[PDB]
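K.L.:
So here's structure.cif (mmCIF, C-alpha atoms).
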```
data_upload
loop_
_atom_site.label_atom_id
_atom_site.label_comp_id
_atom_site.auth_asym_id
_atom_site.auth_seq_id
_atom_site.Cartn_x
_atom_site.Cartn_y
_atom_site.Cartn_z
CA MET M 1 -5.79 33.43 -6.17
CA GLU M 2 -4.10 30.32 -4.80
CA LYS M 3 -1.95 32.51 -2.58
CA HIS M 4 -4.89 33.40 -0.36
CA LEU M 5 -6.05 29.81 -0.10
CA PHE M 6 -2.60 28.81 1.05
CA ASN M 7 -2.44 31.61 3.59
CA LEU M 8 -5.83 30.62 5.00
CA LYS M 9 -4.90 26.96 5.41
CA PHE M 10 -1.62 28.15 6.86
CA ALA M 11 -3.35 30.38 9.39
CA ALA M 12 -5.64 27.50 10.35
CA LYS M 13 -2.85 25.01 10.95
CA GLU M 14 -1.05 27.83 12.76
CA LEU M 15 -3.87 28.35 15.23
CA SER M 16 -4.14 24.63 15.81
CA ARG M 17 -0.44 24.34 16.62
CA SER M 18 -0.45 27.30 19.01
CA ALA M 19 -3.54 25.93 20.76
CA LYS M 20 -1.72 22.64 21.12
CA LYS M 21 1.23 24.36 22.80
CA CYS M 22 -0.94 26.29 25.23
CA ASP M 23 -2.60 23.03 26.20
CA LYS M 24 0.73 21.25 26.75
CA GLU M 25 1.94 24.16 28.86
CA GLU M 26 -1.29 23.80 30.80
CA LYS M 27 -0.49 20.25 31.88
CA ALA M 28 3.11 21.09 32.69
CA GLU M 29 1.75 23.99 34.73
CA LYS M 30 -0.44 21.73 36.83
CA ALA M 31 2.64 19.72 37.69
CA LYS M 32 4.54 22.87 38.52
CA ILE M 33 1.69 24.01 40.80
CA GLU M 34 1.89 20.79 42.76
CA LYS M 35 5.65 21.22 43.27
CA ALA M 36 4.96 24.79 44.36
CA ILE M 37 2.25 24.19 46.93
CA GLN M 38 4.29 21.28 48.25
CA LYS M 39 6.47 23.84 50.04
CA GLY M 40 3.52 25.72 51.49
CA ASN M 41 3.96 28.85 49.37
CA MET M 42 0.60 30.54 48.90
CA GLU M 43 1.75 33.19 46.41
CA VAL M 44 3.73 31.33 43.74
CA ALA M 45 0.92 28.80 43.98
CA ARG M 46 -1.41 31.63 43.11
CA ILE M 47 0.21 33.00 40.00
CA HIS M 48 0.92 29.48 38.78
CA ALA M 49 -2.71 28.53 39.27
CA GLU M 50 -3.61 31.64 37.36
CA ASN M 51 -1.32 30.96 34.39
CA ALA M 52 -2.64 27.42 34.25
CA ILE M 53 -6.19 28.72 33.93
CA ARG M 54 -5.43 31.32 31.31
CA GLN M 55 -3.52 28.72 29.34
CA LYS M 56 -6.62 26.56 29.27
CA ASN M 57 -9.09 29.28 28.25
CA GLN M 58 -6.65 30.43 25.59
CA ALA M 59 -6.66 26.85 24.39
CA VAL M 60 -10.42 27.15 23.96
CA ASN M 61 -10.27 30.53 22.22
CA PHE M 62 -7.53 29.68 19.73
CA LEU M 63 -9.00 26.30 18.99
CA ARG M 64 -12.31 28.00 18.20
CA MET M 65 -10.62 30.34 15.74
CA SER M 66 -9.01 27.28 14.20
CA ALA M 67 -12.47 25.86 13.66
CA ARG M 68 -14.09 28.80 11.95
CA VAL M 69 -11.06 29.80 9.86
CA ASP M 70 -10.82 26.16 8.79
CA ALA M 71 -14.43 26.33 7.62
CA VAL M 72 -13.85 29.36 5.43
CA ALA M 73 -10.72 27.62 4.20
CA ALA M 74 -12.85 24.70 3.08
CA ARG M 75 -15.37 26.80 1.23
CA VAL M 76 -12.58 28.74 -0.50
CA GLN M 77 -11.10 25.38 -1.55
CA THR M 78 -14.41 24.47 -3.12
CA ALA M 79 -14.44 27.86 -4.85
CA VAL M 80 -11.05 27.35 -6.47
CA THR M 81 -11.63 23.78 -7.64
CA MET M 82 -14.99 24.90 -8.99
CA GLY M 83 -13.06 27.59 -10.84
CA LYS M 84 -10.71 25.10 -12.48
CA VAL M 85 -13.60 22.89 -13.53
CA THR M 86 -15.43 25.87 -15.02
CA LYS M 87 -12.47 27.09 -17.07
CA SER M 88 -11.54 23.67 -18.38
CA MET M 89 -15.16 22.96 -19.25
CA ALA M 90 -15.38 26.20 -21.19
CA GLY M 91 -12.30 24.96 -22.97
CA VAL M 92 -13.83 21.70 -24.12
CA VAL M 93 -17.08 23.39 -25.15
CA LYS M 94 -15.17 25.81 -27.35
CA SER M 95 -12.56 23.58 -28.98
CA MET M 96 -15.27 21.01 -29.55
CA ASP M 97 -17.47 23.74 -31.04
CA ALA M 98 -15.00 25.10 -33.57
CA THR M 99 -14.27 21.48 -34.40
CA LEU M 100 -18.03 20.98 -34.67
CA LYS M 101 -18.25 23.65 -37.36
CA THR M 102 -16.03 21.94 -39.96
CA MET M 103 -16.98 18.46 -38.72
CA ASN M 104 -20.72 19.23 -38.91
CA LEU M 105 -22.67 16.02 -39.13
CA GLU M 106 -23.55 16.12 -42.84
CA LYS M 107 -19.92 15.91 -43.95
CA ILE M 108 -19.34 13.02 -41.57
CA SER M 109 -22.32 11.00 -42.76
CA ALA M 110 -21.23 11.56 -46.35
CA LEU M 111 -17.74 10.41 -45.43
CA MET M 112 -19.34 7.27 -44.03
CA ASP M 113 -21.42 6.15 -47.00
CA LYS M 114 -18.27 6.91 -48.96
CA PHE M 115 -16.69 4.53 -46.46
CA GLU M 116 -19.17 1.71 -47.21
CA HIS M 117 -18.70 2.07 -50.95
CA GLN M 118 -14.94 2.19 -50.47
CA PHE M 119 -14.35 -1.02 -48.55
CA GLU M 120 -17.07 -2.65 -50.66
CA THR M 121 -14.75 -2.10 -53.59
CA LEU M 122 -12.04 -3.56 -51.38
CA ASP M 123 -14.02 -6.77 -51.10
CA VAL M 124 -14.64 -7.10 -54.83
CA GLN M 125 -10.94 -6.50 -55.44
CA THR M 126 -10.22 -9.30 -52.99
CA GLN M 127 -12.64 -11.72 -54.62
CA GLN M 128 -11.35 -11.06 -58.13
CA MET M 129 -7.75 -11.41 -57.09
CA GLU M 130 -8.39 -14.72 -55.41
CA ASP M 131 -10.24 -16.03 -58.46
CA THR M 132 -7.35 -15.53 -60.86
CA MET M 133 -4.79 -16.40 -58.20
CA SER M 134 -6.58 -19.70 -57.50
CA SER M 135 -7.21 -20.52 -61.14
CA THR M 136 -3.54 -20.14 -62.06
CA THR M 137 -2.07 -22.62 -59.58
CA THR M 138 -5.13 -24.88 -59.78
CA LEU M 139 -3.33 -27.77 -61.44
CA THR M 140 -1.70 -28.49 -58.10
CA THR M 141 -5.03 -28.89 -56.28
CA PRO M 142 -7.42 -31.24 -58.08
CA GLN M 143 -11.01 -31.27 -56.86
CA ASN M 144 -11.22 -35.06 -56.75
CA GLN M 145 -8.12 -35.43 -54.61
CA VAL M 146 -9.43 -32.94 -52.06
CA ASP M 147 -12.76 -34.77 -52.00
CA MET M 148 -11.20 -38.11 -51.14
CA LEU M 149 -8.93 -36.46 -48.60
CA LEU M 150 -11.66 -34.65 -46.75
CA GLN M 151 -13.68 -37.85 -46.77
CA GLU M 152 -10.67 -39.80 -45.52
CA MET M 153 -10.46 -37.49 -42.54
CA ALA M 154 -14.25 -37.42 -42.33
CA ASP M 155 -15.13 -41.04 -41.55
CA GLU M 156 -12.33 -41.51 -39.02
CA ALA M 157 -12.36 -37.87 -37.92
CA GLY M 158 -12.80 -38.28 -34.17
CA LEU M 159 -11.66 -41.88 -33.89
CA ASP M 160 -7.95 -41.08 -33.59
CA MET Q 1 4.47 44.48 13.36
CA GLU Q 2 5.91 41.01 13.94
CA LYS Q 3 8.98 42.59 15.50
CA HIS Q 4 7.06 43.65 18.59
CA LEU Q 5 5.40 40.27 18.97
CA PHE Q 6 8.80 38.64 18.92
CA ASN Q 7 10.21 41.08 21.44
CA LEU Q 8 7.28 40.46 23.79
CA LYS Q 9 7.62 36.67 23.66
CA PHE Q 10 11.34 37.18 24.08
CA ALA Q 11 10.87 39.34 27.15
CA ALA Q 12 8.50 36.76 28.61
CA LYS Q 13 10.86 33.82 28.15
CA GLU Q 14 13.59 36.11 29.47
CA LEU Q 15 11.78 36.77 32.72
CA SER Q 16 11.03 33.09 33.13
CA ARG Q 17 14.69 32.16 32.72
CA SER Q 18 15.93 34.79 35.17
CA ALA Q 19 13.31 33.72 37.71
CA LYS Q 20 14.53 30.17 37.28
CA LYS Q 21 18.11 31.22 38.05
CA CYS Q 22 17.15 33.17 41.15
CA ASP Q 23 15.30 30.11 42.39
CA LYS Q 24 18.26 27.80 41.76
CA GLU Q 25 20.55 30.23 43.56
CA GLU Q 26 18.04 30.15 46.39
CA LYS Q 27 18.48 26.41 46.94
CA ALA Q 28 22.25 26.60 46.63
CA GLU Q 29 22.10 29.42 49.17
CA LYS Q 30 20.27 27.30 51.70
CA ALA Q 31 23.05 24.77 51.43
CA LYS Q 32 25.65 27.47 51.81
CA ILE Q 33 23.87 28.76 54.93
CA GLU Q 34 24.06 25.35 56.53
CA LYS Q 35 27.81 25.15 55.86
CA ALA Q 36 28.13 28.64 57.33
CA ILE Q 37 26.26 28.16 60.58
CA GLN Q 38 28.04 24.84 61.01
CA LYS Q 39 31.08 26.82 62.17
CA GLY Q 40 29.08 28.95 64.59
CA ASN Q 41 29.42 32.20 62.63
CA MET Q 42 26.44 34.42 63.35
CA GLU Q 43 27.24 37.13 60.79
CA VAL Q 44 27.97 35.31 57.53
CA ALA Q 45 24.96 33.22 58.49
CA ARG Q 46 23.01 36.46 58.57
CA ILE Q 47 23.85 37.91 55.19
CA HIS Q 48 23.51 34.48 53.60
CA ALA Q 49 20.09 34.04 55.14
CA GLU Q 50 19.23 37.45 53.80
CA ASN Q 51 20.37 36.77 50.23
CA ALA Q 52 18.45 33.52 50.30
CA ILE Q 53 15.26 35.36 51.19
CA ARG Q 54 15.66 38.09 48.62
CA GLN Q 55 16.39 35.48 46.00
CA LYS Q 56 13.08 33.84 46.78
CA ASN Q 57 10.94 36.99 46.75
CA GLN Q 58 12.64 38.05 43.54
CA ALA Q 59 11.64 34.68 42.18
CA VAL Q 60 8.04 35.59 42.97
CA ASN Q 61 8.26 39.09 41.49
CA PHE Q 62 9.93 38.12 38.22
CA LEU Q 63 7.73 35.10 37.78
CA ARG Q 64 4.69 37.37 38.17
CA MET Q 65 5.95 39.69 35.45
CA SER Q 66 6.46 36.62 33.30
CA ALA Q 67 2.80 35.81 33.79
CA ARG Q 68 1.30 39.13 32.86
CA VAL Q 69 3.68 39.89 29.98
CA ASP Q 70 2.94 36.40 28.68
CA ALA Q 71 -0.76 37.24 28.71
CA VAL Q 72 -0.33 40.39 26.64
CA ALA Q 73 1.92 38.34 24.38
CA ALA Q 74 -0.93 35.93 23.81
CA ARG Q 75 -3.47 38.58 22.98
CA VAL Q 76 -1.02 40.25 20.59
CA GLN Q 77 -0.55 36.85 18.91
CA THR Q 78 -4.29 36.64 18.42
CA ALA Q 79 -4.23 40.17 17.00
CA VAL Q 80 -1.63 39.34 14.36
CA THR Q 81 -3.16 36.05 13.22
CA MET Q 82 -6.51 37.81 13.06
CA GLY Q 83 -4.78 40.37 10.87
CA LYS Q 84 -3.51 37.76 8.42
CA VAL Q 85 -6.93 36.14 8.20
CA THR Q 86 -8.56 39.51 7.55
CA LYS Q 87 -6.18 40.50 4.75
CA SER Q 88 -6.31 37.15 3.01
CA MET Q 89 -10.09 37.10 3.28
CA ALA Q 90 -10.30 40.54 1.71
CA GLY Q 91 -8.16 39.05 -1.02
CA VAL Q 92 -10.53 36.22 -1.83
CA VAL Q 93 -13.58 38.48 -1.68
CA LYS Q 94 -12.02 40.82 -4.22
CA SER Q 95 -10.46 38.42 -6.72
CA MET Q 96 -13.63 36.37 -6.56
CA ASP Q 97 -15.65 39.55 -7.12
CA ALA Q 98 -13.85 40.80 -10.21
CA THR Q 99 -14.06 37.23 -11.45
CA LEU Q 100 -17.75 37.34 -10.55
CA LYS Q 101 -18.29 40.30 -12.87
CA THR Q 102 -17.29 38.58 -16.13
CA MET Q 103 -18.43 35.17 -14.87
CA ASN Q 104 -21.85 36.51 -13.83
CA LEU Q 105 -24.33 33.67 -13.62
CA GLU Q 106 -26.24 34.32 -16.86
CA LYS Q 107 -23.20 33.70 -19.06
CA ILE Q 108 -22.47 30.50 -17.16
CA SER Q 109 -25.98 29.10 -17.48
CA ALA Q 110 -25.93 29.90 -21.19
CA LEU Q 111 -22.59 28.14 -21.48
CA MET Q 112 -24.23 25.13 -19.84
CA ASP Q 113 -27.27 24.69 -22.07
CA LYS Q 114 -24.77 25.18 -24.87
CA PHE Q 115 -22.97 22.32 -23.15
CA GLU Q 116 -26.02 20.01 -23.25
CA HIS Q 117 -26.64 20.72 -26.92
CA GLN Q 118 -22.95 20.21 -27.64
CA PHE Q 119 -22.40 16.75 -26.20
CA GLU Q 120 -25.87 15.80 -27.44
CA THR Q 121 -24.47 16.32 -30.91
CA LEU Q 122 -21.53 14.23 -29.76
CA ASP Q 123 -23.88 11.34 -29.06
CA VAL Q 124 -25.63 11.54 -32.43
CA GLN Q 125 -22.24 11.64 -34.14
CA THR Q 126 -21.34 8.50 -32.21
CA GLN Q 127 -24.52 6.68 -33.14
CA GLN Q 128 -24.25 7.53 -36.83
CA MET Q 129 -20.63 6.52 -36.99
CA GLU Q 130 -21.32 3.18 -35.41
CA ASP Q 131 -24.20 2.51 -37.79
CA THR Q 132 -22.12 2.85 -40.95
CA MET Q 133 -19.07 1.30 -39.28
CA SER Q 134 -21.13 -1.75 -38.26
CA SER Q 135 -22.96 -2.05 -41.56
CA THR Q 136 -19.73 -2.12 -43.56
CA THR Q 137 -18.06 -5.07 -41.83
CA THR Q 138 -21.39 -6.79 -41.20
CA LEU Q 139 -20.71 -9.72 -43.51
CA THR Q 140 -18.32 -11.05 -40.90
CA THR Q 141 -20.96 -11.15 -38.16
CA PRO Q 142 -24.16 -12.89 -39.25
CA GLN Q 143 -27.17 -12.51 -36.97
CA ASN Q 144 -28.01 -16.21 -37.03
CA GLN Q 145 -24.53 -17.29 -36.00
CA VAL Q 146 -24.55 -14.93 -33.02
CA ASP Q 147 -27.97 -16.24 -32.03
CA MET Q 148 -26.86 -19.85 -31.90
CA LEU Q 149 -23.67 -18.86 -30.12
CA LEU Q 150 -25.36 -16.88 -27.40
CA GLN Q 151 -27.83 -19.72 -26.97
CA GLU Q 152 -24.98 -22.23 -26.86
CA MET Q 153 -23.48 -20.33 -23.95
CA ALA Q 154 -26.95 -19.71 -22.56
CA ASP Q 155 -28.20 -23.23 -21.77
CA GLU Q 156 -24.89 -24.40 -20.28
CA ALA Q 157 -23.94 -20.94 -19.00
CA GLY Q 158 -23.30 -21.70 -15.34
CA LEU Q 159 -22.80 -25.44 -15.66
CA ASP Q 160 -19.08 -25.25 -16.49
CA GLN R 55 -27.35 -24.26 33.83
CA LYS R 56 -29.97 -26.89 33.14
CA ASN R 57 -32.41 -24.67 31.22
CA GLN R 58 -29.50 -23.30 29.22
CA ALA R 59 -28.67 -26.89 28.43
CA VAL R 60 -32.15 -27.22 26.96
CA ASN R 61 -31.99 -23.96 25.00
CA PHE R 62 -28.56 -24.51 23.45
CA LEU R 63 -29.29 -28.12 22.68
CA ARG R 64 -32.44 -27.02 20.86
CA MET R 65 -30.46 -24.59 18.72
CA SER R 66 -28.08 -27.43 17.99
CA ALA R 67 -31.01 -29.41 16.68
CA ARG R 68 -32.46 -26.88 14.31
CA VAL R 69 -29.14 -25.53 13.03
CA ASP R 70 -28.11 -29.15 12.44
CA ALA R 71 -31.22 -29.62 10.32
CA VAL R 72 -30.48 -26.67 8.08
CA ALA R 73 -26.91 -27.95 7.92
CA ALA R 74 -28.22 -31.23 6.56
CA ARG R 75 -30.37 -29.67 3.90
CA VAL R 76 -27.50 -27.42 2.81
CA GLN R 77 -25.33 -30.55 2.54
CA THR R 78 -27.91 -32.07 0.23
CA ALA R 79 -27.92 -28.84 -1.77
CA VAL R 80 -24.17 -28.89 -2.35
CA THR R 81 -23.89 -32.56 -3.28
CA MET R 82 -26.85 -32.08 -5.59
CA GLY R 83 -24.87 -29.23 -7.11
CA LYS R 84 -21.83 -31.40 -7.79
CA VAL R 85 -23.97 -34.10 -9.36
CA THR R 86 -25.70 -31.54 -11.58
CA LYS R 87 -22.47 -29.98 -12.86
CA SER R 88 -20.75 -33.28 -13.52
CA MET R 89 -23.85 -34.61 -15.26
CA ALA R 90 -23.95 -31.56 -17.51
CA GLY R 91 -20.34 -32.39 -18.25
CA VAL R 92 -21.03 -35.92 -19.44
CA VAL R 93 -24.05 -34.83 -21.47
CA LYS R 94 -21.95 -32.28 -23.31
CA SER R 95 -18.70 -34.15 -23.94
CA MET R 96 -20.76 -37.14 -24.96
CA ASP R 97 -22.80 -34.90 -27.25
CA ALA R 98 -19.92 -33.31 -29.14
CA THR R 99 -18.50 -36.80 -29.38
CA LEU R 100 -21.92 -37.91 -30.61
CA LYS R 101 -21.74 -35.47 -33.51
CA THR R 102 -18.66 -36.95 -35.22
CA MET R 103 -19.43 -40.46 -33.94
CA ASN R 104 -23.03 -40.31 -35.22
CA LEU R 105 -24.38 -43.80 -35.64
CA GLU R 106 -24.18 -44.06 -39.44
CA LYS R 107 -20.39 -43.74 -39.49
#
```
Could you rewrite the structure in this file as structure tokens?
P.N.:
Amino acid sequence: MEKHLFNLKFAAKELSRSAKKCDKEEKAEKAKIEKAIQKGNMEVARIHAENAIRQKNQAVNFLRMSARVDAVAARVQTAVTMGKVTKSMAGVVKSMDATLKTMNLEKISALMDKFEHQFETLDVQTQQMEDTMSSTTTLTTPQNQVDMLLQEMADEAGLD
Amino acid sequence: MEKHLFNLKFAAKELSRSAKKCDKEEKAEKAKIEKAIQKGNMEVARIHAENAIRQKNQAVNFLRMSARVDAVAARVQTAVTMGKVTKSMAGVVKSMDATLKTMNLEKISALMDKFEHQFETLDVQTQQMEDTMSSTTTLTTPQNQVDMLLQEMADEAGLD
Amino acid sequence: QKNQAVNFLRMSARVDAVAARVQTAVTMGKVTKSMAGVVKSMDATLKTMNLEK
């Protein structure tokens, strides 16, 4: 499908370029007319005048085609990108669906209260551990000593 | 079909070039006439004058052919590019059609309400998850503490 | 030229007035911020320096 989009854009840019040439030729042809009629030739001056004119009207005609073809090119662009979005969206709806069948909310919620209970047990493990761990080395940290220390750095705390 | 377009443009540019030569020869031939009649020769001066003239009228004739042939060349150009646009357009109408038969709007719209329902379920999954997830670690974020904090940075907020 | 002199000079007046009040607004701003500063630093140094100690 892309192939046709690319050919349309190509045809558009094509028409623009050709129109551009015909216009350029038009200007050059004015110049050439002036050189011609400078001699006093009334025939060459004629067919040059003529080719100048046709170059200009061709410029109009081509450039018009460039317009309309460009428009269709735009809408085709929209059509393709729309296509991509549609496909990909179908993709997420499906994968998410078949992953919504085994992930259906009940199993999740269960997994979550299971979660609460779980790390709750983590916390009690922690607490227990730190009780025995702090009652084994506790000879090296009297309560009294810590009291007088904390007081020591209390009264003078911000005095430096 | 391109082959004939290319031969027409070729014939046009051909005629232009030959016309150009005949013109150049014309000027050179004026010069040569002057050299000739400088001696006083009334015969060489004749046939040179003659060839000068015919060179000029040939310039007219050729250049005229260049004009008209160029015109047909232009319209043929339009015909070809029109051809390309037509084919490619037929292409998009068809591919898009046979992709409009299995993509026919009803199935899409269905896919879309299915879409709403789907990500709706996503949101409830989210909400649930964050409830248990924020009620498990919630010991580490008292409500009171957050209140006094937010107030702390409320009163002085923009004072810096 | 003379009436323009009047007109411009009038604009100079009023714009100058607003300029003055804006000046007051800014300096007021500075004073407010800095004052908030002393109230706070002095406060958090009033918590560990509280009169009893």
K.L.:
So, counting only C-alpha atoms, which residue among Q:155, Q:50, Q:29, Q:113 is closest to chain M?
P.N.:
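For chain M, the nearest of the candidates is Q:113.
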K.L.:
What residues in chain R have any atom no more than 8 Å from chain M when counting only C-alpha atoms, and can you write them as a list in words?
P.N.:
residues 99, 102, 103 and 107 of chain R
K.L.:
Let's have the selection written as a PDB file, in the frame of the given file, with C-alpha atoms.
P.N.:
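Here's the written file part_39.pdb:
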```
ATOM      1  CA  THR R  99     -18.500 -36.800 -29.380  1.00  0.00           C
ATOM      2  CA  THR R 102     -18.660 -36.950 -35.220  1.00  0.00           C
ATOM      3  CA  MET R 103     -19.430 -40.460 -33.940  1.00  0.00           C
ATOM      4  CA  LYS R 107     -20.390 -43.740 -39.490  1.00  0.00           C
TER       5      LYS R 107
END
```
K.L.:
So that I can see what lies close to residue R:86, please list as an MDAnalysis selection string the residues with an atom at most 12 Å from it, counting only C-alpha atoms and leaving out residues fewer than 5 positions away in the same chain.
P.N.:
(chainID Q and resid 156 158:160) or (chainID R and resid 79:81 91:93)
K.L.:
Can you list, as a count of residues only, every protein, DNA or RNA residue that comes within 12 Å of stretch 73-83 of chain Q when you count all atoms listed in the file, leaving out same-chain residues fewer than 5 positions away?
P.N.:
47
K.L.:
Just to confirm, what's the straight-line distance from atom CA of residue M:42 to atom CA of residue M:60 in Å (one decimal)?
P.N.:
27.5 Å
K.L.:
On this file, the PyMOL selection byres ((chain Q) within 8 of (chain M)) gives some set of residues; write that set as a ChimeraX atom specification.
P.N.:
/Q:60,64,67,71,78,81,84-85,88-89,91-92,95,111,114-115,118,125,128-129,132-133,135-136
K.L.:
Could you give me, as a VMD selection string, the residues within 9 Å of residue M:28, counting only C-alpha atoms and dropping anything in the same chain fewer than 5 positions from it?
P.N.:
chain M and resid 23 33 52
K.L.:
Please compute the atom CA of residue M:41-atom CA of residue Q:56 distance, one decimal, in Å.
P.N.:
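Between these atoms lies a distance of 10.7 Å.
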K.L.:
Grab the atom CA of residue M:134 to atom CA of residue M:147 distance for me, in Å with one decimal place.
P.N.:
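So the answer is 17.2 Å.
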K.L.:
Given 8 Å of margin on each side, can you work out the centre and size in Å (one decimal) of an axis-aligned box holding every listed atom of stretch 75-93 of chain R, as JSON?
P.N.:
```
{"center_x": -25.4, "center_y": -31.7, "center_z": -8.8, "size_x": 26.0, "size_y": 24.5, "size_z": 41.4}
```
